[PDB]
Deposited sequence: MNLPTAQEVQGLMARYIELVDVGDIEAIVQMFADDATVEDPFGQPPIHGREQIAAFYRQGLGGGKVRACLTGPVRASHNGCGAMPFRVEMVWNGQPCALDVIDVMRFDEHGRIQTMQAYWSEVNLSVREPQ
């Protein structure tokens, strides 16, 4: 059902778990079949699992960690702070991101927006 505030915290934490390990199939499955992702926010969205699986395969030596608690509401939404660590063209770098997600009546991510730009990159 529509996740409660406590379920939202668990779902979003799991999401970072999946990105950290790199389980692309398990990540794609958290989304609704017709979900949209705007990463980075400001850029046009990608829609549907096919486009989302391609987005994740492209992007995913990467480790992500929640850098603070997940803020959750009572209407199936949440926002969380986290850091992603990669190694860009030999040089290892970090990106601080804030993800805002809205879940549907099935506990699946219906919409996801990631806030970050080059001001949050430490190369």
Provide the list of deposited-sequence positions lacking C-alpha coordinates, grouped into contiguous ranges.
1, 62-64, 128-131
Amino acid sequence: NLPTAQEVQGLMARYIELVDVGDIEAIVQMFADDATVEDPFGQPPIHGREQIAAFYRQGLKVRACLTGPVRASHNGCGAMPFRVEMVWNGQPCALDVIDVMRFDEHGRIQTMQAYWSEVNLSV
From here on, numbers count along this sequence of modelled residues.
Which of 103-111 and 13-21 has higher mean CA B factor, as the PDB entry lists it
103-111
Comparing 89-97 with 39-47, the higher average Cα temperature factor in the PDB entry belongs to 89-97
Residue 122: CA B-factor among chain residues, third -> highest
Would you check the entry's CA temperature factor for residue 56 and let me know if it's in the chain's lowest, middle or highest third?
highest
Which third of the chain holds residue 77 when residues are ordered by C-alpha B factor: lowest, middle or highest?
lowest
Assert third(CA B-factor, residue 26) within chain per record equals lowest
Consider only the C-alpha atoms of the modelled residues in this chain, order them by B-factor as the entry records it, and name the third containing residue 32: lowest, middle or highest.
middle
